[PDB]
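Note sheet for the following structure.
Because the Cβ atoms are built from the backbone with ideal geometry, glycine has one as well, and the counts that use them run over all protein chains shown. Derivation of every value follows stated rules applied to the coordinates shown; laboratory data play no part.
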Amino acid sequence: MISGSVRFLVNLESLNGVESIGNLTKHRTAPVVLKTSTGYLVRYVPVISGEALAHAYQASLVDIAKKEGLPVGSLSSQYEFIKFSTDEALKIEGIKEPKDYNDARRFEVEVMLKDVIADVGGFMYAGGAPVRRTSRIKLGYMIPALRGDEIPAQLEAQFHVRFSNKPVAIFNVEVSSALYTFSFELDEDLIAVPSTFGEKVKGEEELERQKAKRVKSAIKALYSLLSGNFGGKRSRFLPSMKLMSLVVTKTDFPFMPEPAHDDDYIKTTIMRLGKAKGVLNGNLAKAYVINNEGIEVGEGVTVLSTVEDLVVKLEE
Amino acid sequence: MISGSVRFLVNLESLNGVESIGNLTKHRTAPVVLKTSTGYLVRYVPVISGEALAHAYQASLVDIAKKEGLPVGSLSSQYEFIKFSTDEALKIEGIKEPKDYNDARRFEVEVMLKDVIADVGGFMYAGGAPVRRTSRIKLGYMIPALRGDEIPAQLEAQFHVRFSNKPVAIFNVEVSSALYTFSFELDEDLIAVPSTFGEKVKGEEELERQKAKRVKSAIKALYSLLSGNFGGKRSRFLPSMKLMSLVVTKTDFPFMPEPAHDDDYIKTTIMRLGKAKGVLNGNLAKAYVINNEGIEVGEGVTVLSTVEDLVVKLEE
Amino acid sequence: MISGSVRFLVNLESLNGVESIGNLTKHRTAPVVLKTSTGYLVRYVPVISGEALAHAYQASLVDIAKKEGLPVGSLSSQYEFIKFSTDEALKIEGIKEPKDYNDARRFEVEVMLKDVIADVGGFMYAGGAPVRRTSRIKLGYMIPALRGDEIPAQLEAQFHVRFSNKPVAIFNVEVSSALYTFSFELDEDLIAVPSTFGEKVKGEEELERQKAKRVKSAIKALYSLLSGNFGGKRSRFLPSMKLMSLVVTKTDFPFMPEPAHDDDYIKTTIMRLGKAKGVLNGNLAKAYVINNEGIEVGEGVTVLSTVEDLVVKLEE
DNA sequence: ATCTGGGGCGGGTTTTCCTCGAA
RNA sequence: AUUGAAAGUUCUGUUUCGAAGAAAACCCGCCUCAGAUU
């Protein structure tokens, strides 16, 4: 299990919308409960959805899987991620539907061989015999840091025109700036492993053979999100990202580091790691820290220089 | 017993749900009566049910029990907590239904030797000779702090789209952010102890042999609930939790600490505990406290640093 | 005597139920006539029967009596309060039925030496020679405050499901919130005193040797009701209680303070007690008050911080 | 400080289960 | 002060035990506030 927390800094940005009113495009905003000296307050703040990062991760995964020779589905060959939700996707792909519960495992394995994305990202098929498979990577919204008494985020509107020579052409676009943060989780101890209960079926040998390649590709995929390649409306509103602080941890037991809200969240997670290992009887716990803002770190933890090093270390 | 109150601060989550209408998901909400500066009011507020916590705790218990070698049932090997209620579960597990009341103790012991969950989580079998075993852990809904006049909570809806290349795929999801608090109860003096009244039957010696391990595992299992690992929709809506304040108490007599609504429930509960012992003539009464929001505590009480230390000390 | 009236604030609660319909579990309800500024309205409101409170009190009494060293019956040691109604209870307990009227008194003594519960709570025996004994503690339903024209109380349904892997399991439960109130009476000058008229019988001396202990235990047993331990469905719906106002009166003459339906029920009851002492030729009268909602009280009263102090002073 | 432009379109959810028993 | 006068149908009892609405998905593909002035 690889878990992590990341702090980005974004200026003059619009990477997600919700709808439009009149001739105005709306950024995504949501409530937050914040703590200050006086007490508890409710504020509205711009956020970036969690399904605008899963899409980027899955796209990078598809690209790398195609480049390295691993199988990739038909619909997912194009960047459409209906996977196998409905009967039409199955018919196009070329798989048969489950007959009864006993056969369910069979079907899954087939689906889990044709398309890599349906394996690391989970899926759901609804029919007379439904089948489910939860994701192997988990994500959440991207909120700015709820630190201190002043949220360091701003939102505004801008006025734009479309030139013409025969007037008979004006639009307003929302733009935001923030100190974003988020956290992520990936469990590599279940990749290429059926999640349904039943007797053994043929074809699992190929899965056992491909497990190493699949895990390596999935780990490599995270470089997309960690680098800052995601979101929409990038053509004319390319943002200016920058990495401030990152903490990642590899363990054998469930564990989640502190959110990036407080200035001192590197130290607390490191301190808690060893005690968690002791209480839960673990056998491996390592932590990697990337720091550029100059805050408290701790002791007995690696210090890297760039994200590219972390991917290599995780692969090793 | 071990009884405690906990205060949480969650942002932008959707943990519990209920039936949906149209293309919109629903977050569990309930009515609450609140005291104001002008009287008493009825409000509607989001709430996280009390059985999601039970499922998370029992899943953690299953994991640790299987890790440490304690017996675990067959159906409960998978996470299907029907337990020995319906006849099909007994038939799968291989136990004969009781004949008369005189056989109740035999059935209870035989079931309790096969499944730790059916022991530390109670169970019920309905039939000609009904058998009951009340839970040894007790939990309730998770309500936001009913303090003052302004409830610190907020619930909104969000817009999501499933992109495609051949339009012919839109949904809305509710998202909340609140300051959650809840209380929990447990009793270690009844684990590995048959409840029904009868004559000693063989095998209870083994029950007495494993009591220490069962109690240790049950105490360890709480770390899952205390660390923030529960609820659904965690794949794409991973919350951002944080622990503000916590009080836990180990005693020898019935005792329920003050809810975490008012600002000062630590000093009040410690003062009440100081006198309850003398009132009921106990012999052990210890209190542990974690304080991050800087509220009134008292003097001469333990001040821990995390939840791992609390679990370690409770184990000792 | 000791009389009292108490006010509670309960949220997200289900402590009493009745016959169910379909997959719906119901909360007990009853009619109430409320006088509003427009007239006399009739409403339906959730109520909790008094026998639940009686059962909780008697269970606490059994626990304390066993722990202190007073006699306790055979069946009642297992928390089954049939007392001595039917012949089977006598046969298990090992006592002889009365023959005729003149012998009845003897019966009442023996049963009153073998079980403190049959002493405090009374009993009945249908048969040739009835032996009645009115309870020494009296309680009534728990109705929410009828202050004003807007009753603070709400009753809703909630939806729950049982997970399974092979569908072939859905239930609904009623949850409530309200501001409850209830009143209680307990005359301590009739404990350990035969209540049937006849000649003296041996063993009454032993009864008189334990009167102090029996009375003290009966007083201590009220800590349960005054702390908030009663009802059912406490395993998964642990309610969040809190005490707001309480009035207790210790006297030598019949008295019944004001029902806690009006914001000013403390001053009125204090004045009524003051005048009743004079009118009834009484000799002792004291009033204790616990006040947490900051309402008007009066002058010349004792204010207690918690229930522990109240029980201590009642015992002293 | 004088004008003129002030948005267009495709999509607006699919499944599985709807209470067991003692009085 | 009347078919009136004289009377309690009263005592004893839990609806209790257990069960995740969970799994899958991008609001996104195009546009300039431009021309003249001490």
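The table below lists the values:
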quantity	calculated
Qualifying residue in segment A:45-54 (condition: more than 9 Å from every other protein chain (Cβ to nearest Cβ), closer than 19 Å to A:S135 by Cα and of a type in the set (D, E))	no
Enumeration of residues in segment B:119-144 that are more than 12 Å from every other protein chain (Cβ to nearest Cβ), within 17 Å of B:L53 (Cα to Cα) and over 14 Å from the mean Cα position of the chain (by Cα)	none
Residue within segment B:159-170 that is near RNA strand E (Cβ under 9 Å from one of its atoms), basic (K, R) and at the interface with another protein chain (Cβ under 9 Å from one of its Cβ atoms) present	yes
Filtered residues of segment A:8-49 (kept if away from RNA strand E (no atom under 16 Å from the Cβ) and out of contact with any strand residue (DSSP E or B) (no Cβ under 7 Å at 6 or more places or on another chain))	A:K35, A:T36, A:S37, A:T38, A:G39
Residue in segment A:63-73 that is of a type in the set (K, R) and at the interface with chain B (Cβ under 10 Å from one of its Cβ atoms) present	no
Given (1) more than 21 Å from A:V131 (Cβ to Cβ); (2) away from RNA strand E (no atom under 14 Å from the Cβ); (3) crowded, with 16+ Cβ neighbours inside 10 Å, index of the condition A:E174 fails	(2)
Tally, over segment A:79-117, of residues that are among the polar types (S, T, N, Q) and farther than 23 Å from A:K66 by Cβ	2
Unique match (being under 30 Å from A:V6 (Cα atoms), loosely packed, with under 14 Cβ neighbours inside 10 Å and not acidic (D, E)) among A:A126, A:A145, A:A212	A:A212
The listed residue being facing chain A (nearest Cβ under 8 Å), hydrophobic (A, V, I, L, M, F, W, C) and on the phi < 0 side of the Ramachandran plot, out of B:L225, B:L179, B:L186	B:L179
Residue match in segment A:38-46 (condition: more than 30 Å from B:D262 (Cβ to Cβ) and surrounded by 18 or more Cβ atoms within 10 Å (Cβ to Cβ))	yes
Lone unmet requirement of (1) under 23 Å from the mean Cα position of the chain (by Cα); (2) within 23 Å of A:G140 (Cα to Cα) for A:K211	(2)
Test: residue in segment B:75-88 that is surrounded by fewer than 20 Cβ atoms within 10 Å (Cβ to Cβ), more than 11 Å from chain C (Cβ to nearest Cβ) and farther than 30 Å from B:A178 by Cβ	yes
Selected residue (only one of A:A52, A:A65 is within 9 Å of RNA strand E (Cβ to nearest atom) and part of a helix (DSSP H, G or I))	A:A52
Residues being closer than 23 Å to A:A52 by Cα and either within 16 Å of DNA strand D (Cβ to nearest atom) or among the acidic types (D, E) (or both) - total across segment A:1-41	13
Cβ pairs under 9 Å, 6+ apart, first in segment C:170-199 and farther than 30 Å from C:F107 by Cα, second away from RNA strand E (no atom under 15 Å from the Cβ) and of a type in the set (F, W, Y)	C:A178/C:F8; C:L179/B:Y40; C:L179/C:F8; C:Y180/C:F8; C:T181/C:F8; C:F182/C:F8
Selection within segment B:1-29 - assigned to a loop (DSSP other than H, G, I, E, B), farther than 19 Å from B:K138 by Cβ and not charged (D, E, K, R)	B:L9, B:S14, B:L15, B:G17, B:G22, B:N23, B:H27
Hits in segment B:258-316 (condition: away from chain A (no Cβ under 14 Å), basic (K, R) and surrounded by fewer than 19 Cβ atoms within 10 Å (Cβ to Cβ))	B:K267, B:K275, B:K277, B:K286
Top-ranked residue of segment A:246-257 - restricted to ones that are of a type in the set (A, V, I, L, M, F, W, C) and within 11 Å of chain B (Cβ to nearest Cβ), ranked as farthest from the chain's Cα centre (by Cα)	A:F253
Which listed residue is small (G, A, S), surrounded by 14 or more Cβ atoms within 10 Å (Cβ to Cβ) and in contact with a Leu (Cβ under 8 Å, 6 or more places away or on another chain), from B:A153, B:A157	B:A153
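Table: residues versus (1) under 24 Å from C:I48 (Cβ atoms); (2) in contact with an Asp or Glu (Cβ under 8 Å, 6 or more places away or on another chain).
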position	(1), (2)
C:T181	yes, no
C:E188	no, no
C:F197	no, no
C:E204	no, no
C:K220	yes, yes
C:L226	yes, no
C:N229	yes, no
C:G232	yes, no
C:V248	yes, no
